[PDB]
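# Working through the structure, step by step
Single-letter residue listing:
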Amino acid sequence: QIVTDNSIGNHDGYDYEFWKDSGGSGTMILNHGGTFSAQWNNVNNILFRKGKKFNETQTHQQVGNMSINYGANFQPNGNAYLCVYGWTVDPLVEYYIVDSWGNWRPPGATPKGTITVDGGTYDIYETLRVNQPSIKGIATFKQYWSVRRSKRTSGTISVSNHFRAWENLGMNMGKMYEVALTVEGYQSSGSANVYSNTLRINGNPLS
Ligand SMILES: O[C@@H]1[C@@H](O)[C@H](O)OC[C@H]1O
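### Brief notes about the site of the ligand
- Inspection of the region around the ligand gives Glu17, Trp19, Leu47, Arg49, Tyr85, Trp87, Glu94, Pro133, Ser134 and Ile135 as its neighbouring residues.
- The side chain of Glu17 places a nitrogen or oxygen atom 2.8 Å from an oxygen atom of the ligand.
- Contact distances for the ligand include 3.4 Å between an oxygen atom and a side-chain N or O atom of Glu94.
- At the level of secondary structure, the elements contributing two or more residues to the shell around the ligand comprise β3 (14–20), β6 (45–53) and β8 (80–89).
- Of the residues in the shell around the ligand, the class split is six nonpolar, one polar and three charged.

Right under this line is the structure:
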């Protein structure tokens, strides 16, 4: 249950993933349910996550209401994100709902709107990745973001509310590939202890 190199699997009912490119190091310890701990040092790009991977046949509406209750002790040294993350396919989209970050509030673009949800106010952004690694090969795809205005590291993220706000703004979503509580680092080091992470789909916790 010690993962220090790329790996995709299921642990205690959650689909876990460790992903990095070359350079630096990371260690992910898979703990009960949706929980896990992460440590990274001098990485180029690293992601740690536990959630649900889907079979690419359903819209988020078809999957149902998605909500994540979480808690994490997040200690980044540099650029890193504490978020809900995932992808859609057809179209291929990488998405983020960011509740905390390190020294840099992402994602560097001009906001396209705002959403109020879960007692916070999030700025909404759309960015473009060109010929970058993805879940479907080296590709050019959009990234969708909701970024909280101030940091928090525990609470509930009403994931489906963000998806409806994005679609309201014309940020087209495809079939669901994944939704997961994620820690991402970029050119940084840090630690994160995700001590609470429950994904409920139509109110039912994952198992
Ligand atoms: O799962 C990995 C993704 O999250 C990362 O961003 O880049 C490529 C994918 O394989």
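### Remarks on the sheet that holds strand β2 (residues 7–11)
- An order of β2-β3-β6-β14-β8-β9-β12-β11-β10 is seen for the nine strands of this open sheet, with the pairing classed as mixed. Only two strands of the sheet have a single partner each, and these edge strands are β2 and β10 (113–117). Each adjacent strand pair in this sheet contributes to an overall mean axis angle of 25 degrees, direction not counted.
- Sheet topology note: the β8/strand β14 (residues 175–186) ladder contains ten bridges and is antiparallel. The residue of β14 that forms the bridge with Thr88 is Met176.

### Let's talk about the pairing of β3
- Burial analysis of β3 places six of its seven residues in the buried class, the great majority of the element.
- As paired elements, β2 and β3 share five bridges and run antiparallel to each other. Within β3, the residue paired with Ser7 across the bridge is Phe18.
- Connecting β2 to the next strand, β3, in antiparallel fashion are two residues, including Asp12 with a positive phi near 55 degrees.
- Sheet topology places β3 next to β6; six bridges connect them, and they run antiparallel. Its bridge partner being in β6, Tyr16 is matched across the sheet by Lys50.

Parameters at a glance
- Residues numbered from 1 in each chain as written, not as in the entry; some residues may be left out.
- Heavy atoms only, no water.
- Residues with missing side-chain atoms left out of burial classes, pairs and counts.
- Near = heavy atom within 4 Å.
- Polar contact = N/O pair within 3.5 Å; in protein donor to acceptor, adjacent residues only side chain to side chain.
- Helix = DSSP H or I, 4+ residues; strand = E, 2+ residues; numbered from the N terminus.
- Nonpolar A, V, L, I, M, F, W, Y, C, P; charged D, E, K, R; others polar.
- Pairing = 2+ DSSP bridges.
- Axes fitted to C-alpha atoms, helices over the stretch in contact; angles between N-to-C directions.
- Buried < 20%, exposed > 50% of the residue type's maximum accessible area, 1.4 Å probe, protein only.

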